[PDB]
Amino acid sequence: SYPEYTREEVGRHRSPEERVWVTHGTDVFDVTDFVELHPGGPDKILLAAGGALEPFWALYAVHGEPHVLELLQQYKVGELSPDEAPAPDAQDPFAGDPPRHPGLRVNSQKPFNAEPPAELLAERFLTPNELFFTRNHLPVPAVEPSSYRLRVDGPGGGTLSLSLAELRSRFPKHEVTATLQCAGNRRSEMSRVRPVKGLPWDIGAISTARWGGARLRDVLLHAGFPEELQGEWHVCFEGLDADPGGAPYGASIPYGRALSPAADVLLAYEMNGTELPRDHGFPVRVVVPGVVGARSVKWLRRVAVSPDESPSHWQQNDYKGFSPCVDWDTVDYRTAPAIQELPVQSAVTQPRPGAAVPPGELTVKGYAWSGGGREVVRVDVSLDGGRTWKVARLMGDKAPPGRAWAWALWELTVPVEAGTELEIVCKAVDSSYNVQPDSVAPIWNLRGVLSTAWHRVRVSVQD
Amino acid sequence: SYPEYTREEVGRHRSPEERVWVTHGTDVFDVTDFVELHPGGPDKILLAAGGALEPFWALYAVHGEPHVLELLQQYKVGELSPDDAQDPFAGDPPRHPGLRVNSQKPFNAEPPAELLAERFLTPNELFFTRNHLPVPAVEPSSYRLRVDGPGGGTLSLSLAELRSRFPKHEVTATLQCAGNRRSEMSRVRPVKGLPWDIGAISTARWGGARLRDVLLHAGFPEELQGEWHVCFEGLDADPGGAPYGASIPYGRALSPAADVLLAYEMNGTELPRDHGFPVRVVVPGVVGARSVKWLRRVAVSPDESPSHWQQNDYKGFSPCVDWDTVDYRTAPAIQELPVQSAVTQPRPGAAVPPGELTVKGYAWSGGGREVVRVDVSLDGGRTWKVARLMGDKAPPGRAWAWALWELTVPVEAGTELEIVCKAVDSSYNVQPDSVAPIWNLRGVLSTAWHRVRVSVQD
Ligand code: HEM
Ligand code: HEM
Ligand SMILES: Nc1nc2c(c(=O)[nH]1)N[C@H]1C(S)=C(S)[C@@H](COP(=O)(O)O)O[C@H]1N2
Ligand SMILES: Nc1nc2c(c(=O)[nH]1)N[C@H]1C(S)=C(S)[C@@H](COP(=O)(O)O)O[C@H]1N2
Ligand SMILES: [Mo]
Ligand SMILES: [Mo]
Numbered sequence: 003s004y005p006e007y008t009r010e011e012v013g014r015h016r017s018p019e020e021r022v023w024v025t026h027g028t029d030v031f032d033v034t035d036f037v038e039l040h041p042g043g044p045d046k047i048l049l050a051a052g053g054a055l056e057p058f059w060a061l062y063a064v065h066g067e068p069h070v071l072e073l074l075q076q077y078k079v080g081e082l083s084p085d086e087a088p090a091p092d093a094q095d096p097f098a099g100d101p102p103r104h105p106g107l108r109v110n111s112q113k114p115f116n117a118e119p120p121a122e123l124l125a126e127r128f129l130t131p132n133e134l135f136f137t138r139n140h141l142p143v144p145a146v147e148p149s150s151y152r153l154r155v156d157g158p159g160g161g162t163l164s165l166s167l168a169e170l171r172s173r174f175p176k177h178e179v180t181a182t183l184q185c186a187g188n189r190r191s192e193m194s195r196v197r198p199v200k201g202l203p204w205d206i207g208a209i210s211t212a213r214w215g216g217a218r219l220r221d222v223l224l225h226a227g228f229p230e231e232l233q234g235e236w237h238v239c240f241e242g243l244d245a246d247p248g249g250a251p252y253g254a255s256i257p258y259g260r261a262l263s264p265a266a267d268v269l270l271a272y273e274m275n276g277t278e279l280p281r282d283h284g285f286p287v288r289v290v291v292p293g294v295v296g297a298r299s300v301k302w303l304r305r306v307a308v309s310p311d312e313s314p315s316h317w318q319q320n321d322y323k324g325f326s327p328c329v330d331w332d333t334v335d336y337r338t339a340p341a342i343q344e345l346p347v348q349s350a351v352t353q354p355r356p357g358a359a360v361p362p363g364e365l366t367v368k369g370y371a372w373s374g375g376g377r378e379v380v381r382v383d384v385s386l387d388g389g390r391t392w393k394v395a396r397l398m399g400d401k402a403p404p405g406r407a408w409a410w411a412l413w414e415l416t417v418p419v420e421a422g423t424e425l426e427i428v429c430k431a432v433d434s435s436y437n438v439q440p441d442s443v444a445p446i447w448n449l450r451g452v453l454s455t456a457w458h459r460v461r462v463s464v465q466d
Numbered sequence: 003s004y005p006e007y008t009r010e011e012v013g014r015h016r017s018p019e020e021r022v023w024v025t026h027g028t029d030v031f032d033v034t035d036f037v038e039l040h041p042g043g044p045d046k047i048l049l050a051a052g053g054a055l056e057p058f059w060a061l062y063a064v065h066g067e068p069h070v071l072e073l074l075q076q077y078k079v080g081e082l083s084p085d092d093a094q095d096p097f098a099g100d101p102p103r104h105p106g107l108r109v110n111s112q113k114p115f116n117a118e119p120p121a122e123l124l125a126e127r128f129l130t131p132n133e134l135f136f137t138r139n140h141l142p143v144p145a146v147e148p149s150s151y152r153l154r155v156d157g158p159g160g161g162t163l164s165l166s167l168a169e170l171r172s173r174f175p176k177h178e179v180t181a182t183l184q185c186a187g188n189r190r191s192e193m194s195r196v197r198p199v200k201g202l203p204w205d206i207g208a209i210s211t212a213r214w215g216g217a218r219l220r221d222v223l224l225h226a227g228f229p230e231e232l233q234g235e236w237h238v239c240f241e242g243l244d245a246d247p248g249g250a251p252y253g254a255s256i257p258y259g260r261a262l263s264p265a266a267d268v269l270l271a272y273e274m275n276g277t278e279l280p281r282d283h284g285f286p287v288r289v290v291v292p293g294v295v296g297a298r299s300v301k302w303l304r305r306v307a308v309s310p311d312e313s314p315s316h317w318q319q320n321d322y323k324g325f326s327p328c329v330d331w332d333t334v335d336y337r338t339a340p341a342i343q344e345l346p347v348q349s350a351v352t353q354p355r356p357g358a359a360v361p362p363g364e365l366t367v368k369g370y371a372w373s374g375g376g377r378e379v380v381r382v383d384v385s386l387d388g389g390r391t392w393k394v395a396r397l398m399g400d401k402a403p404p405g406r407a408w409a410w411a412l413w414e415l416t417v418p419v420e421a422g423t424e425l426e427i428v429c430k431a432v433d434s435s436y437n438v439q440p441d442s443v444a445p446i447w448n449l450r451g452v453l454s455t456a457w458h459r460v461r462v463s464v465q466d
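Read top to bottom, the protein sequences are chains A and B. Residues 3 to 88, 90 to 466 (the deposited numbering) make up the first sequence, in order. Residues 3 to 85, 92 to 466 (the deposited numbering) make up the second sequence, in order.
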């Protein structure tokens with residue numbers, strides 16, 4: 003008595019005129035008429051249009067209670083049917100890419116690059132897997148579990164070939180909660196100064212998850228490498244994704260970080276308690292805590308030890324910072340170091356730019372984070388464009404010294420006067436007392452990476 | 003043949019009327035008349051007035067040549083003679105008169121800014137000095153270093169034992185006071201603290217025992233569960249008996265890479281009295297406050313040092329905090345310092361000649377993070393050029409020493425410049441544009457861009 007629909011067909015209903023449909027479990031709901039009845043307005047609920055409620059239920063667990071579910075059942079109109087998963092490259096190179104939640108803010112479809120709606124970013128310490136930002140340079144690899152092999156070699160160690168099963172049984176499983184931030188986060192603020200090359204990220208190219216897997220340290224020691232090597236040695240990684248020419252995505256990290264127990268570098272097979280999603284590297288990815296997202300290679304195929312940095316294009320000719328004076332005709336990637344640890348950062352996630360907020364009390368919220376395991380010791384929040392500041396409340400548990408891999412969510416509730424204008428700014432300070440710079444121009448660079456000047460959000464107060 | 007004078011006497015002769023006297027070796031020279039004949043002008047030579055030429059000779063080795071030593075010998079006027093609670097500072101060591109002194113009792117001073125980046129290693133005589141108390145008079149033979157803590161064998165090391173039981177390690181490290189550049193903070197709103205300019209920072213090659221080796225020798229383990237600390241106590245104390253003290257996390261004390269030393273040598277000689285004789289702690293990449301001088305005790309503890317200066321000083325606060333709301337429990341003790349840089353050449357208000365101008369300075373970052381770039385502006389931060397970084401590369405994570413930089417640029421007659429510098433470290437940390445947003449009641453952690461205005465001779 004209930005018509006069946008595919009995830010794809012449900013994704014066609016994302017608007018009132020079209021009808022707003024959402025899914026939960028294997029049920030399909032038409033909540034067009036409910037949007038106006040939703041507590042807190044339609045702004046958040048409409049973020050789920052055409053897709054699953056799952057991730058949003060994880061952010062706001064009150065929806066899991068019986069009374070909310072009983073309300074939701076009033077809007078049921080169908081059921082989902084298993085999605086067939088078909090014959091690569093006939094249609095196109097990205098034809099086998101996994102489906103994604105429609106609530107993501109996509110800035111590139113082929114290759115797929117997207118960030119979750121900024122208002123949801125600092126609503127939960129662990130970012131739901133369906134909303135975790137995604138950055139793909141190439142088509143997503145389609146991997147058959149049983150035949151996948153991770154190759155590990157290099158000078159001083161034999162040559163291993165580990166199946167997913169062996170990775171899971173041979174090495175003790177460790178979990179590390181770590182925030183991944185792309186080098187291009189907040190690149191859109193760089194473009195306001197002068198046009199740059201790169202994906203036009205807003206403040207959401209950063210997400211946090213509890214990663215589970217083998218320690219890189221343990222796998223390399225098993226391969227026979229020593230705990231320490233004299234001089235500057237590197238651990239190079241190569242993914243299963245490659246361009247038409249055959250060069251795979253690759254990156255490396257210093258050998259010292261790879262072998263250090265406290266550095267928590269993992270060969271992760273689990274993400275937020277479940278198997279790694281395809282977009283995030285199924286079956287295995289490197290996770291390098293405190294280091295720019297580019298080095299956390301997904302769809303891992305090879306691990307090697309070398310006296311030199313990875314020769315990959317992305318290690319050598321991308322992801323570097325330059326003086327603001329450098330232009331395409333003078334840029335020389337030999338003159339700057341590959342980005343490994345990232346500088347202190349923060350952004351306001353609530354309210355959003357252009358909002359008109361009710362007078363009285365306003366709760367300002369956001370995230371703050373610093374690379375290299377350096378914790379956030381304070382976040383300063385201004386309502387007047389950075390003239391005067393108040394200290395925000397830092398949420399969450401502290402971590403051991405030098406191992407603050409996860410962001411600090413913060414919030415501050417402040418009184419706001421009817422009919423005024425606000426310019427809301429946040430800036431964070433880390434455990435080495437490094438701070439964020441006032442403006443973007445002086446840190447501008449042609450690729451628009453390393454965008455950490457204060458985040459400024461303009462809103463008005465209603466009357 | 004020659005009258006003999008003490009250093010104190012020679013320090014009274016620093017001008018034409020009193021006569022300008024300087025020393026070299028054990029000789030005293032009256033160079034009053036030679037000041038006008040000194041190549042380059044009187045400015046430089048007069049910096050040494052009343053004191054030793056040694057430190058300056060080290061900055062400019064051209065002075066080591068035969069003709070310079072010979073040119074000086076004709077001005078000899080004499081020879082140097084060696085050597092209660094009403095004045096607790098009566099026992100302090102003599103200092104070079106060329107230092108820029110901000111406090112005499114207790115003694116706190118910095119070298120002239122123009123000399124700071126003139127040599128990678130700062131001569132011992134010019135190395136900035138920060139004393140909270142009177143300097144301890146220590147007899148070498150009877151000096152003992154106490155080491156103790158839970159799970160370790162109590163040690164009582166003499167200087168000789170500190171030199172022989174532990175393999176000597178040498179670490180070149182820059183010490184920077186938390187108040188360096190405080191004067192830029194004062195400009196915005198008055199703060200509490202010594203009025204340092206840009207010279208509360210200096211660099212030396214330190215030599216001593218690794219703290220790690222001493223602790224291991226006592227039986228302490230490489231790692232302790234939870235957050236443990238290593239506390240230091242100096243021999244200097246207030247009138248009530250509380251000694252200067254500080255601490256560093258246990259993890260840093262035991263790390264082989266952290267290079268923390270129990271130093272007994274500074275730039276090749278024994279530690280000067282003002283810099284901790286006979287032994288000081290040197291904590292590379294960490295604020296000067298933690299490098300306890302005149303070390304008397306090393307203790308392992310589950311808690312941070314209870315000292316006043318570890319608990320109720322040397323911390324950073326929001327710019328909104330004032331004396332009526334400051335609460336030292338709300339911030340962490342300063343350990344690693346943030347990226348920093350300053351222009352040492354030209355000096356503020358100078359009138360430089362048209363043509364080419366060489367701008368020079370220093371740059372450094374804490375935590376062993378090397379300086380990867382220094383941007384220099386001549387138009388107040390609108391446009392920037394990249395400076396040349398001098399110095400030798402250090403191993404990743406172990407860049408404890410500053411990077412001296414320079415940039416030569418063409419300057420037009422009759423112009424006005426606003427020279428600005430900013431540095432970037434290897435975790436790509438950067439310095440903030442302005443001082444107001446990082447202001448704090450103690451004026452510490454002053455790392456906004458350094459701005460120097462000068463004019464070009466028309
Ligand atoms: C058709 C699906 C949905 C239904 C039936 C629903 C229903 C409800 C109900 C009954 C409450 C009040 C709970 C209580 O405290 O008793 C609530 C609150 C809330 N819901 Fe939903 N919701 C839906 C979808 C969503 C989605 C997708 C989001 C976020 C993307 C969301 C965000 C919120 C928030 C933020 C509140 C908090 C209260 C406030 O707005 O001030 N809801 N919702
Ligand atoms: C009585 C003590 C001194 C004597 C006899 C002396 C003598 C000289 C002589 C002979 C030269 C030229 C060497 C050559 O042939 O290249 C010279 C150069 C120089 N001296 Fe001294 N000097 C004295 C003190 C100082 C001091 C204390 C300073 C530093 C603060 C200083 C800074 C310099 C500099 C910077 C130059 C190079 C000039 C330039 O850049 O054009 N001198 N001095
Ligand atoms: N194999 C492979 N790994 C990769 C990439 C890639 O394109 N291929 N993108 C990198 C970059 S630049 C980032 S920011 C992170 C993003 O991870 P995520 O998609 O799971 O958020 O993956 C890194 N790992
Ligand atoms: N025992 C003792 N150690 C000390 C101090 C002190 O007053 N007593 N001053 C500290 C501070 S605040 C600094 S900045 C450095 C300065 O070292 P220096 O004088 O050798 O330059 O010493 C540190 N070590
Ligand atoms: Mo990235
Ligand atoms: Mo200091």
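Note that beta-carbon positions come from the ideal geometry of N, C-alpha and C, so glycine has one too.
Per-residue DSSP class, three states only, for residue i
i: residue 322 of chain B; result: coil
i: residue 396 of chain A; result: strand
i: residue 194 of chain A; result: helix
i: residue 70 of chain B; result: helix
i: residue 374 of chain B; result: coil
i: residue 361 of chain B; result: coil
i: residue 445 of chain B; result: helix
i: residue 1 of chain A; result: There is no way to answer for residue 1 of chain A, as the model of chain A reaches only from 3 to 466.
i: residue 50 of chain A; result: helix
i: residue 258 of chain A; result: helix
i: residue 189 of chain A; result: coil
Whole-angstrom distance between residue j and residue i, CA atom to CA atom
i: residue 380 of chain B; j: residue 345 of chain A; result: 14 Å
i: residue 106 of chain A; j: residue 126 of chain A; result: 15 Å
i: residue 398 of chain B; j: residue 144 of chain B; result: 37 Å
i: residue 443 of chain A; j: residue 116 of chain A; result: 24 Å
i: residue 48 of chain B; j: residue 195 of chain A; result: 52 Å
i: residue 325 of chain A; j: residue 405 of chain A; result: 27 Å
i: residue 424 of chain A; j: residue 387 of chain A; result: 9 Å
i: residue 350 of chain B; j: residue 178 of chain A; result: 43 Å
Chain B contact for residue i (CB, 8 Å cutoff)
i: residue 336 of chain A; result: no
i: residue 229 of chain A; result: no
i: residue 425 of chain A; result: no
i: residue 328 of chain A; result: yes
Integer Cβ distance of residue i from residue j, believed to fall under 8 Å
i: residue 438 of chain A; j: residue 446 of chain B; result: 6 Å
i: residue 227 of chain B; j: residue 160 of chain B; result: 5 Å
i: residue 211 of chain B; j: residue 130 of chain B; result: 5 Å
Neighbour flag for residue i against chain A, beta carbons, 8 Å
i: residue 200 of chain B; result: no
i: residue 453 of chain B; result: yes
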